[PDB]
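*Asks:* You'll find data_34.cif just under this line, and it carries mmCIF, C-alpha atoms.
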```
data_input
#
loop_
_atom_site.label_atom_id
_atom_site.label_comp_id
_atom_site.auth_asym_id
_atom_site.auth_seq_id
_atom_site.Cartn_x
_atom_site.Cartn_y
_atom_site.Cartn_z
CA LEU A 1 0.00 0.00 0.00
CA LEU A 2 2.72 2.46 1.00
CA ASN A 3 4.94 1.31 -1.88
CA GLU A 4 2.14 1.86 -4.41
CA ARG A 5 1.55 5.41 -3.17
CA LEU A 6 5.29 6.12 -3.22
CA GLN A 7 5.46 4.88 -6.82
CA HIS A 8 2.44 6.98 -7.81
CA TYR A 9 4.02 10.14 -6.37
CA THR A 10 7.36 9.36 -8.10
CA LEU A 11 9.06 8.87 -4.72
CA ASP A 12 10.77 5.53 -5.35
CA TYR A 13 14.15 6.84 -4.13
CA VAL A 14 16.44 3.85 -4.75
CA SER A 15 18.38 2.87 -1.64
CA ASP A 16 21.83 3.77 -3.00
CA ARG A 17 22.69 7.17 -1.53
CA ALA A 18 25.26 8.23 -4.14
CA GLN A 19 23.09 6.95 -6.99
CA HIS A 20 20.10 8.88 -5.63
CA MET A 21 22.19 12.05 -5.28
CA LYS A 22 23.35 11.69 -8.89
CA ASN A 23 19.79 10.99 -10.08
CA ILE A 24 18.20 14.01 -8.39
CA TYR A 25 20.46 16.31 -10.45
CA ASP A 26 20.16 14.34 -13.71
CA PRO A 27 17.63 15.84 -16.16
CA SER A 28 17.07 12.48 -17.89
CA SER A 29 16.53 10.69 -14.57
CA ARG A 30 13.07 9.80 -13.30
CA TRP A 31 13.73 11.52 -9.96
CA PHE A 32 15.10 14.78 -11.39
CA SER A 33 14.49 17.50 -8.81
CA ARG A 34 17.07 20.31 -9.10
CA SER A 35 19.24 21.75 -11.86
CA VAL A 36 22.22 23.31 -10.06
CA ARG A 37 23.98 21.50 -7.23
CA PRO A 38 24.69 23.87 -4.31
CA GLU A 39 28.36 24.85 -4.31
CA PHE A 40 28.18 25.10 -0.53
CA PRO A 41 26.21 22.01 0.55
CA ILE A 42 23.20 22.84 2.67
CA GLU A 43 24.78 22.18 6.08
CA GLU A 44 26.26 18.80 5.22
CA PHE A 45 28.91 19.53 7.89
CA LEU A 46 26.71 18.47 10.81
CA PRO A 47 28.63 16.30 13.32
CA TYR A 48 25.89 13.63 13.21
CA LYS A 49 24.18 11.60 10.51
CA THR A 50 20.72 12.89 9.58
CA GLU A 51 17.73 10.95 8.29
CA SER A 52 17.99 9.32 4.88
CA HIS A 53 16.03 10.42 1.83
CA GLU A 54 13.81 7.33 2.14
CA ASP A 55 12.25 8.56 5.40
CA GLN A 56 11.65 11.96 3.79
CA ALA A 57 9.78 10.22 0.97
CA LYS A 58 7.50 8.41 3.43
CA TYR A 59 6.81 11.60 5.39
CA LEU A 60 6.07 13.55 2.20
CA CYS A 61 3.75 10.80 0.95
CA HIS A 62 1.86 10.81 4.26
CA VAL A 63 1.57 14.61 4.09
CA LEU A 64 0.29 14.44 0.51
CA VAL A 65 -2.31 11.78 1.35
CA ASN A 66 -3.56 13.80 4.32
CA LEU A 67 -3.64 16.99 2.24
CA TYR A 68 -5.69 15.24 -0.45
CA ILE A 69 -8.12 13.96 2.19
CA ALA A 70 -8.44 17.45 3.67
CA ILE A 71 -8.94 19.26 0.35
CA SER A 72 -11.35 16.71 -1.13
CA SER A 73 -13.68 17.14 1.88
CA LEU A 74 -14.69 20.61 0.58
CA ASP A 75 -13.98 22.23 3.98
CA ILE A 76 -11.24 24.76 3.23
CA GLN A 77 -11.75 27.22 6.10
CA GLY A 78 -11.34 24.33 8.55
CA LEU A 79 -14.15 25.27 10.95
CA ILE A 80 -15.20 21.62 11.41
CA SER A 81 -13.12 19.14 13.41
CA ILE A 82 -13.73 15.38 13.16
CA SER A 83 -12.79 13.03 15.99
CA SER A 84 -12.94 9.24 16.16
CA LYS A 85 -16.40 9.44 17.75
CA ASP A 86 -17.85 11.17 14.69
CA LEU A 87 -16.64 8.40 12.37
CA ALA A 88 -17.68 5.69 14.84
CA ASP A 89 -21.24 7.02 15.08
CA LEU A 90 -21.67 6.60 11.32
CA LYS A 91 -21.12 2.84 11.58
CA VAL A 92 -8.39 16.85 8.44
CA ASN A 93 -7.37 20.50 8.05
CA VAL A 94 -6.05 22.16 4.89
CA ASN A 95 -3.98 24.77 6.74
CA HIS A 96 -2.25 22.21 8.97
CA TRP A 97 -1.06 20.08 6.05
CA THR A 98 -0.15 23.19 4.05
CA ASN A 99 2.12 24.15 6.96
CA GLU A 100 3.48 20.59 6.97
CA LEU A 101 4.29 20.90 3.26
CA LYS A 102 5.94 24.27 3.92
CA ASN A 103 8.15 22.57 6.51
CA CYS A 104 8.88 19.64 4.15
CA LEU A 105 9.69 21.81 1.10
CA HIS A 106 13.42 21.25 1.80
CA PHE A 107 13.22 17.55 0.81
CA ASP A 108 13.99 18.18 -2.90
CA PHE A 109 11.04 16.31 -4.40
CA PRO A 110 10.94 15.52 -8.15
CA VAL A 111 9.65 18.04 -10.67
CA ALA A 112 6.55 15.98 -11.54
CA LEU A 113 5.33 16.12 -7.95
CA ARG A 114 6.19 19.83 -8.03
CA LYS A 115 3.91 20.26 -11.05
CA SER A 116 1.11 18.38 -9.28
CA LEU A 117 1.47 20.53 -6.16
CA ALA A 118 1.63 23.71 -8.25
CA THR A 119 -1.64 22.80 -9.96
CA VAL A 120 -3.23 21.89 -6.61
CA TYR A 121 -2.26 25.17 -4.95
CA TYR A 122 -3.10 27.25 -8.03
CA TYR A 123 -6.66 25.92 -8.09
CA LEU A 124 -6.92 25.98 -4.28
CA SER A 125 -6.16 29.72 -4.17
CA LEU A 126 -9.30 30.51 -6.22
CA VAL A 127 -11.91 28.87 -3.97
CA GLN A 128 -15.01 30.99 -3.36
CA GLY A 129 -17.98 30.64 -1.03
CA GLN A 130 -16.14 28.75 1.70
CA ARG A 131 -5.93 32.55 1.45
CA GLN A 132 -2.58 34.35 1.52
CA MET A 133 -0.88 31.16 2.72
CA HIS A 134 -1.99 29.28 -0.40
CA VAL A 135 -0.69 32.07 -2.65
CA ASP A 136 2.64 32.00 -0.82
CA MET A 137 2.82 28.21 -1.15
CA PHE A 138 2.17 28.40 -4.89
CA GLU A 139 4.77 31.17 -5.24
CA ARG A 140 7.36 29.09 -3.38
CA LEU A 141 6.56 26.06 -5.55
CA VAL A 142 7.34 28.08 -8.71
CA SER A 143 10.19 30.16 -7.28
CA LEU A 144 12.30 31.80 -9.99
CA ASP A 145 15.53 31.59 -7.96
CA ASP A 146 16.03 28.73 -5.48
CA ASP A 147 19.74 27.95 -5.04
CA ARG A 148 20.22 29.32 -8.57
CA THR A 149 17.69 26.80 -9.92
CA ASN A 150 14.79 28.16 -11.99
CA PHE A 151 11.79 26.01 -11.06
CA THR A 152 9.47 27.90 -13.41
CA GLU A 153 11.52 26.83 -16.44
CA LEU A 154 11.67 23.23 -15.21
CA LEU A 155 7.89 23.14 -14.70
CA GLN A 156 7.36 24.67 -18.15
CA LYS A 157 9.56 21.97 -19.67
CA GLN A 158 7.57 19.36 -17.74
CA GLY A 159 4.41 20.74 -19.37
CA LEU A 160 2.51 22.61 -16.66
CA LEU A 161 -0.64 24.35 -17.91
CA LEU A 162 -3.15 26.35 -15.88
CA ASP A 163 -6.61 27.70 -16.62
CA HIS A 164 -6.56 31.40 -17.54
CA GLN A 165 -10.35 31.77 -17.61
CA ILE A 166 -10.96 31.20 -13.89
CA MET A 167 -8.36 33.81 -12.95
CA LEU A 168 -9.73 36.25 -15.53
CA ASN A 169 -13.29 35.83 -14.23
CA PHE A 170 -12.16 36.30 -10.62
CA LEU A 171 -10.30 39.48 -11.60
CA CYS A 172 -13.27 40.77 -13.62
CA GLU A 173 -15.67 40.20 -10.71
CA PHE A 174 -14.35 43.56 -9.44
CA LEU A 175 -15.82 45.36 -12.46
CA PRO A 176 -19.07 47.30 -11.92
CA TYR A 177 -22.28 45.26 -11.98
CA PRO A 178 -25.66 46.56 -13.22
CA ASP A 179 -27.34 45.69 -9.90
CA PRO A 180 -25.55 47.40 -6.97
CA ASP A 181 -26.77 45.02 -4.26
CA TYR A 182 -25.72 41.84 -6.11
CA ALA A 183 -22.00 42.65 -6.20
CA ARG A 184 -19.62 40.37 -4.31
CA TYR A 185 -16.64 42.75 -4.40
CA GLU A 186 -15.97 46.46 -4.88
CA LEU A 187 -12.89 48.71 -4.97
CA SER A 188 -13.70 50.91 -1.95
CA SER A 189 -13.49 48.38 0.90
CA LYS A 190 -10.04 47.80 2.38
CA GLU A 191 -10.57 44.03 2.49
CA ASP A 192 -11.73 44.05 -1.13
CA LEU A 193 -8.64 46.03 -2.17
CA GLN A 194 -6.35 43.61 -0.32
CA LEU A 195 -8.07 40.65 -1.98
CA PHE A 196 -7.69 42.38 -5.36
CA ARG A 197 -3.95 42.85 -4.78
CA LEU A 198 -3.60 39.22 -3.68
CA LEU A 199 -5.41 38.03 -6.82
CA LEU A 200 -3.17 40.24 -8.97
CA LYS A 201 -0.06 38.76 -7.34
CA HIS A 202 -1.35 35.21 -7.84
CA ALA A 203 -2.15 35.96 -11.49
CA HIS A 204 1.34 37.39 -11.99
CA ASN A 205 2.86 34.24 -10.48
CA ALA A 206 0.70 31.90 -12.59
CA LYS A 207 1.04 33.87 -15.84
CA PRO A 208 4.03 31.93 -17.33
CA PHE A 209 2.08 28.64 -17.23
CA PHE A 210 -0.75 29.73 -19.53
CA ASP A 211 -1.09 27.58 -22.65
CA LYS A 212 0.97 29.09 -25.47
CA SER A 213 -0.55 26.72 -28.05
CA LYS A 214 -3.85 28.64 -27.75
CA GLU A 215 -2.87 31.23 -30.36
CA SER A 216 -6.03 33.30 -29.71
CA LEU A 217 -5.87 33.71 -25.92
CA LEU A 218 -3.84 36.93 -26.09
CA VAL A 219 -6.04 38.57 -28.73
CA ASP A 220 -9.33 37.67 -27.04
CA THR A 221 -8.13 38.73 -23.58
CA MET A 222 -6.75 42.05 -24.83
CA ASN A 223 -9.91 42.78 -26.84
CA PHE A 224 -12.07 42.08 -23.79
CA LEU A 225 -9.92 44.30 -21.58
CA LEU A 226 -9.86 47.10 -24.17
CA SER A 227 -13.64 46.98 -24.52
CA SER A 228 -13.94 47.05 -20.72
CA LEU A 229 -11.65 50.09 -20.39
CA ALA A 230 -13.31 53.27 -19.11
CA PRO A 231 -12.49 56.14 -16.71
CA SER A 232 -14.60 54.44 -14.02
CA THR A 233 -12.77 51.12 -14.57
CA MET A 234 -9.21 52.08 -15.58
CA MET A 235 -7.97 51.70 -12.00
CA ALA A 236 -9.14 48.08 -12.22
CA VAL A 237 -8.36 47.43 -15.89
CA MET A 238 -4.70 48.49 -15.91
CA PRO A 239 -3.36 46.23 -13.10
CA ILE A 240 -5.34 43.33 -14.58
CA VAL A 241 -3.74 44.06 -17.97
CA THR A 242 -0.28 44.10 -16.41
CA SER A 243 -0.81 41.00 -14.23
CA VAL A 244 -2.97 38.53 -16.20
CA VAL A 245 -2.01 39.03 -19.88
CA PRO A 246 0.61 36.42 -20.84
CA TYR A 247 3.69 37.31 -22.87
CA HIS A 248 3.01 35.41 -26.10
CA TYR A 249 4.88 36.06 -29.36
CA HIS A 250 3.06 34.66 -32.39
CA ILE A 251 3.55 35.41 -36.08
CA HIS A 252 0.23 37.28 -36.22
CA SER A 253 -0.14 38.60 -32.65
CA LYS A 254 2.48 39.78 -30.15
CA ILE A 255 2.32 41.60 -26.83
CA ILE A 256 4.55 44.32 -28.34
CA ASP A 257 1.65 45.14 -30.66
CA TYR A 258 -0.16 46.64 -27.65
CA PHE A 259 2.68 49.05 -26.82
CA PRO A 260 1.31 52.14 -28.67
CA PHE A 261 -2.10 51.97 -26.97
CA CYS A 262 -0.46 52.21 -23.54
CA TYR A 263 1.56 55.21 -24.71
CA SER A 264 -1.71 56.69 -25.99
CA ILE A 265 -2.84 56.84 -22.37
CA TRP A 266 0.66 57.70 -21.13
CA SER A 267 1.13 60.86 -23.23
CA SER A 268 -2.46 62.13 -22.89
CA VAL A 269 -2.38 62.80 -19.12
CA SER A 270 -0.13 64.59 -16.65
CA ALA A 271 2.34 62.83 -14.37
CA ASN A 272 0.39 60.91 -11.72
CA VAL A 273 1.26 57.85 -9.64
CA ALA A 274 -1.97 56.01 -10.46
CA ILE A 275 -1.31 56.23 -14.22
CA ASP A 276 2.49 56.25 -14.46
CA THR A 277 2.49 52.93 -12.64
CA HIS A 278 1.23 49.90 -14.60
CA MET A 279 3.06 51.60 -17.49
CA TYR A 280 6.64 51.30 -16.25
CA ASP A 281 5.82 47.85 -14.86
CA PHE A 282 4.32 46.47 -18.08
CA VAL A 283 6.98 47.80 -20.46
CA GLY A 284 9.86 47.00 -18.11
CA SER A 285 8.71 43.43 -17.50
CA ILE A 286 8.24 42.88 -21.24
CA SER A 287 11.69 44.29 -22.04
CA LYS A 288 13.35 42.15 -19.36
CA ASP A 289 11.51 39.05 -20.61
CA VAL A 290 12.65 39.74 -24.18
CA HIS A 291 16.25 40.20 -23.01
CA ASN A 292 16.20 37.00 -20.94
CA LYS A 293 14.71 34.96 -23.79
CA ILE A 294 17.25 36.36 -26.27
CA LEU A 295 20.11 35.41 -23.95
CA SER A 296 18.50 31.94 -23.59
CA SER A 297 19.22 30.97 -27.20
CA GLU A 298 18.61 27.35 -28.32
CA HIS A 299 16.71 26.61 -25.08
CA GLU A 300 13.97 29.24 -24.69
CA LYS A 301 14.43 31.60 -27.67
CA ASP A 302 11.34 31.84 -29.90
CA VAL A 303 11.11 35.64 -30.09
CA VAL A 304 12.94 36.02 -33.42
CA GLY A 305 10.11 38.31 -34.54
CA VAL A 306 10.99 40.86 -31.86
CA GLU A 307 14.38 42.53 -32.27
CA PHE A 308 16.66 44.11 -29.67
CA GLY A 309 17.93 47.22 -31.46
CA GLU A 310 19.37 50.56 -30.42
CA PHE A 311 16.94 50.98 -27.50
CA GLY A 312 16.05 47.34 -26.97
CA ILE A 313 12.41 46.88 -27.95
CA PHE A 314 11.63 50.62 -27.95
CA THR A 315 11.49 53.21 -30.69
CA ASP A 316 13.35 56.51 -30.45
CA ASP A 317 10.21 58.49 -29.60
CA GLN A 318 9.15 56.05 -26.86
CA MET A 319 12.59 56.20 -25.24
CA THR A 320 12.62 60.00 -25.47
CA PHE A 321 9.17 60.17 -23.87
CA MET A 322 10.22 57.82 -21.07
CA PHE A 323 13.39 59.83 -20.35
CA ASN A 324 11.46 63.12 -20.35
CA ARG A 325 8.85 61.68 -17.98
CA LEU A 326 11.62 60.35 -15.72
CA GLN A 327 13.31 63.76 -15.55
CA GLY A 328 9.93 65.35 -14.84
CA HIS A 329 9.47 62.89 -11.98
CA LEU A 330 12.95 63.62 -10.64
CA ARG A 331 12.71 67.42 -10.85
CA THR A 332 9.05 68.51 -10.81
CA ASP A 333 6.43 66.05 -9.52
CA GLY A 334 8.03 63.02 -7.87
CA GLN A 335 5.25 60.68 -9.04
CA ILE A 336 7.17 57.44 -8.55
CA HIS A 337 5.76 54.55 -6.50
CA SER A 338 8.19 51.66 -7.13
CA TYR A 339 11.72 52.60 -8.19
CA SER A 340 13.02 49.16 -9.20
CA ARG A 341 10.12 48.66 -11.61
CA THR A 342 10.55 52.25 -12.81
CA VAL A 343 14.23 51.71 -13.66
CA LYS A 344 13.80 48.18 -15.08
CA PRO A 345 12.90 49.34 -18.64
CA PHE A 346 15.85 51.74 -18.74
#
```
Write out the structure in this file as structure tokens.

*Replies:*
Amino acid sequence: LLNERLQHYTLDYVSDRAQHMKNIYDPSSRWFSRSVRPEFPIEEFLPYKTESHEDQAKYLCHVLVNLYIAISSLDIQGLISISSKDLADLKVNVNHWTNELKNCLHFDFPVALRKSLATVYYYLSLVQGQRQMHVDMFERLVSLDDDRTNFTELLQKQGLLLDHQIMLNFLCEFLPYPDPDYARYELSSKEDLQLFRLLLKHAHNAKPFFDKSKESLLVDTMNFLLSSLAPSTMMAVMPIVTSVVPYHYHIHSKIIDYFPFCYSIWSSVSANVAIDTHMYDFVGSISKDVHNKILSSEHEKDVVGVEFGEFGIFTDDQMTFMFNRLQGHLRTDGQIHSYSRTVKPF
């Protein structure tokens, strides 16, 4: 029974210690877990022998089974506690096992189990009717830099795909509704604003895993957001645009194609924090992504359509406008919210 569940979770973990250590860093191995071996071993200098990787596999399998039992019971808030008497009369807590998984994250589990957990915690973070911990768990599962190992790239190569529509609907629930009383969320309540920011962060984390084979997702999403754009909804539209729209480069449609429209709103208004943000962020993130994919030739370079010229992916007028707005911020208005994201495009 235990062996079958270990095999299902890809936790076989052959008894040979050196062979297992070589396998966990081998991309072609079944138990591939990490790309870069730590130059300084993670406290391998302890004066005593720790537990083997076989015990870690059993503990992780037990945690996964308990987490599945807890989640499948459809009691996410954990207000109901079951004892042995409750089960006996007939004839489990999501947060507890999430904390257990957070503790166990240092066991270096294989990438397939990482994909399964990433899917589980991506779809667990969007439960309604029954939250920050789940978002943090998903973010840690897809961490960009973990001992100089990019888990997002490994999960993409494993073939991890997530549903864009559920996230888009959850984000769009904050748009105005024709009937005022039947509106779950608004943008005036502090709790609603915090939930909106949390959803934006989760969407930003889950964005790279959207299906790139759906060559119409970008166009449809951008058309919907453009048709939803209005002065009474721009404060909600712009962060959604910058957080949920994936960076897809097709022959017919590219994200760069939407650059002028943003500048249309950028040059038509005065310097303000609410509008200058979501403009530096979007363009800077896109430029950094283009640069990283160009430097990732033969492994992740499919952006041959987009060139990196004199000003990267910017025209002369766009760069001049950005520099003039930056000097206006530095000398006249000071309308800068985040400085790292402001300097990223430059």

*Asks:* Do you have the CA of residue 132 (chain A)-CA of residue 198 (chain A) distance handy?

*Replies:*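 CA of residue 132 (chain A) sits 7.2 Å away from CA of residue 198 (chain A).
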
*Asks:* Check the smallest atom-to-atom distance from each of A:107, A:196, A:224, A:308 to residue 52 (chain A) using all atoms listed in the file, then report the winner.

*Replies:*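 Of A:107, A:196, A:224, A:308, the one nearest residue 52 (chain A), counting all atoms listed in the file, is A:107.
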
*Asks:* So what does the PyMOL selection byres ((chain A and resi 8) around 12) actually pick up in this one, as a PyMOL selection string?

*Replies:* chain A and resi 1-7+9-12+57+61+64-65+112-113+116

*Asks:* Could you put an axis-aligned box around every listed atom of region 109-113 of chain A, padded by 3 Å on each side, and send me its centre and edge lengths in Å to one decimal, as JSON?

*Replies:*
```
{"center_x": 8.2, "center_y": 16.8, "center_z": -8.0, "size_x": 11.7, "size_y": 8.5, "size_z": 13.1}
```

*Asks:* Which residues match the PyMOL selection byres ((chain A and resi 226-242) around 12) in the file above, as an MDAnalysis selection string?

*Replies:* chainID A and resid 167:177 186:188 193 196:205 207 218:225 243:247 255 258:259 261:262 265:266 273:286

*Asks:* Applied to this file, what does the PyMOL selection byres ((chain A and resi 106) around 12) return in terms of residues, put as a PyMOL selection string?

*Replies:* chain A and resi 33-34+42+53+56-57+60+100-105+107-110+140-141+146-147

*Asks:* Which residues are near residue 20 (chain A)? Cut-off 10 Å, only C-alpha atoms, ignore same chain within fewer than 5 positions. Put them as a list in words.

*Replies:*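 So, after excluding close chain neighbours, the residues are residues 12, 13, 14, 15, 25, 26, 29, 31, 32 and 53 of chain A.
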
*Asks:* Write a file of the just-selected residues containing C-alpha atoms, as a short mmCIF file (atom, residue, chain, number, x, y, z; two decimals), in the coordinates of the input.

*Replies:*
```
data_model
loop_
_atom_site.label_atom_id
_atom_site.label_comp_id
_atom_site.auth_asym_id
_atom_site.auth_seq_id
_atom_site.Cartn_x
_atom_site.Cartn_y
_atom_site.Cartn_z
CA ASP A 12 10.77 5.53 -5.35
CA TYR A 13 14.15 6.84 -4.13
CA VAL A 14 16.44 3.85 -4.75
CA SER A 15 18.38 2.87 -1.64
CA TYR A 25 20.46 16.31 -10.45
CA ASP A 26 20.16 14.34 -13.71
CA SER A 29 16.53 10.69 -14.57
CA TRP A 31 13.73 11.52 -9.96
CA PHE A 32 15.10 14.78 -11.39
CA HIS A 53 16.03 10.42 1.83
#
```

*Asks:* Have a look at CA of residue 340 (chain A) and CA of residue 272 (chain A) and let me know their distance in Å, one decimal.

*Replies:* 17.4 Å

*Asks:* Skipping near chain neighbours, those fewer than 3 positions away, what residues fall within 9 Å of region 317-326 of chain A using all atoms listed in the file, listed as a list in words?

*Replies:*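 After dropping sequence-adjacent residues, the list is residues 260, 263, 267, 271, 280, 311, 314, 329, 330, 331, 336, 342 and 346 of chain A.
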
*Asks:* Calculate how many Å separate CA of residue 94 (chain A) from CA of residue 67 (chain A), rounding to one decimal.

*Replies:* 6.3 Å

*Asks:* Please identify every residue of region 121-201 of chain A that has at least one atom no farther than 12 Å from an atom of region 74-85 of chain A, counting only C-alpha atoms, and for each give the shortest atom pair and the distance in Å to one decimal, arranged by chain then increasing number, as JSON lines.

*Replies:*
```
{"residue": "A:124", "atom": "CA", "partner": "A:76", "partner_atom": "CA", "distance": 8.7}
{"residue": "A:125", "atom": "CA", "partner": "A:76", "partner_atom": "CA", "distance": 10.3}
{"residue": "A:126", "atom": "CA", "partner": "A:76", "partner_atom": "CA", "distance": 11.2}
{"residue": "A:127", "atom": "CA", "partner": "A:76", "partner_atom": "CA", "distance": 8.3}
{"residue": "A:128", "atom": "CA", "partner": "A:76", "partner_atom": "CA", "distance": 9.8}
{"residue": "A:129", "atom": "CA", "partner": "A:76", "partner_atom": "CA", "distance": 9.9}
{"residue": "A:130", "atom": "CA", "partner": "A:77", "partner_atom": "CA", "distance": 6.4}
{"residue": "A:131", "atom": "CA", "partner": "A:77", "partner_atom": "CA", "distance": 9.2}
{"residue": "A:134", "atom": "CA", "partner": "A:76", "partner_atom": "CA", "distance": 10.9}
```

*Asks:* Counting only C-alpha atoms, which residues of region 235-312 of chain A fall within 12 Å of region 151-154 of chain A, and what is the closest atom pair for each with its distance in Å at one decimal, ordered by chain and rising number, as CSV?

*Replies:*
```
residue,atom,partner,partner_atom,distance
A:293,CA,A:153,CA,11.4
A:296,CA,A:153,CA,11.2
A:299,CA,A:153,CA,10.1
A:300,CA,A:153,CA,8.9
```

*Asks:* Show me, as a ChimeraX atom specification, the residues that have an atom within 9 Å of residue 148 (chain A) when counting all atoms listed in the file, minus same-chain residues fewer than 5 positions from it.

*Replies:* /A:35-38

*Asks:* With distances taken over only C-alpha atoms, which of A:309, A:27, A:334, A:180 is nearest to residue 111 (chain A)?

*Replies:* A:27

*Asks:* May I ask you to restore N, CA and C atoms in region 87-103 of chain A and write the result as a tab-separated table (two decimals), in the frame of the given file?

*Replies:*
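Once written, part.tsv looks like this:
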```tsv
chain	number	residue	atom	x	y	z
A	87	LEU	N	-16.70	9.49	13.34
A	87	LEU	CA	-16.64	8.40	12.37
A	87	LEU	C	-17.27	7.13	12.93
A	88	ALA	N	-17.11	6.89	14.23
A	88	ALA	CA	-17.68	5.69	14.84
A	88	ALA	C	-19.20	5.73	14.84
A	89	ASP	N	-19.79	6.91	15.05
A	89	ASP	CA	-21.24	7.02	15.08
A	89	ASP	C	-21.87	6.71	13.73
A	90	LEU	N	-21.13	6.92	12.64
A	90	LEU	CA	-21.67	6.60	11.32
A	90	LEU	C	-21.90	5.10	11.16
A	91	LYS	N	-20.98	4.29	11.66
A	91	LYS	CA	-21.12	2.84	11.58
A	91	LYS	C	-22.21	2.33	12.51
A	92	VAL	N	-7.80	16.40	9.69
A	92	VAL	CA	-8.39	16.85	8.44
A	92	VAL	C	-8.50	18.38	8.44
A	93	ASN	N	-7.41	19.04	8.09
A	93	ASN	CA	-7.37	20.50	8.05
A	93	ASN	C	-6.40	20.93	6.96
A	94	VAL	N	-6.88	21.76	6.03
A	94	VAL	CA	-6.05	22.16	4.89
A	94	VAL	C	-4.85	22.97	5.35
A	95	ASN	N	-5.06	23.90	6.29
A	95	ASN	CA	-3.98	24.77	6.74
A	95	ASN	C	-2.88	23.99	7.44
A	96	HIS	N	-3.25	22.99	8.25
A	96	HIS	CA	-2.25	22.21	8.97
A	96	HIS	C	-1.32	21.47	8.00
A	97	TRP	N	-1.89	20.82	6.99
A	97	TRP	CA	-1.06	20.08	6.05
A	97	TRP	C	-0.35	21.00	5.07
A	98	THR	N	-0.90	22.19	4.81
A	98	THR	CA	-0.15	23.19	4.05
A	98	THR	C	1.09	23.63	4.82
A	99	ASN	N	0.96	23.83	6.13
A	99	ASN	CA	2.12	24.15	6.96
A	99	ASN	C	3.11	22.99	6.98
A	100	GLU	N	2.60	21.75	7.03
A	100	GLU	CA	3.48	20.59	6.97
A	100	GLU	C	4.26	20.56	5.66
A	101	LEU	N	3.60	20.85	4.54
A	101	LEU	CA	4.29	20.90	3.26
A	101	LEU	C	5.31	22.04	3.22
A	102	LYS	N	4.98	23.18	3.83
A	102	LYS	CA	5.94	24.27	3.92
A	102	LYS	C	7.19	23.84	4.68
A	103	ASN	N	7.01	23.09	5.77
A	103	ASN	CA	8.15	22.57	6.51
A	103	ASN	C	8.94	21.56	5.67
```
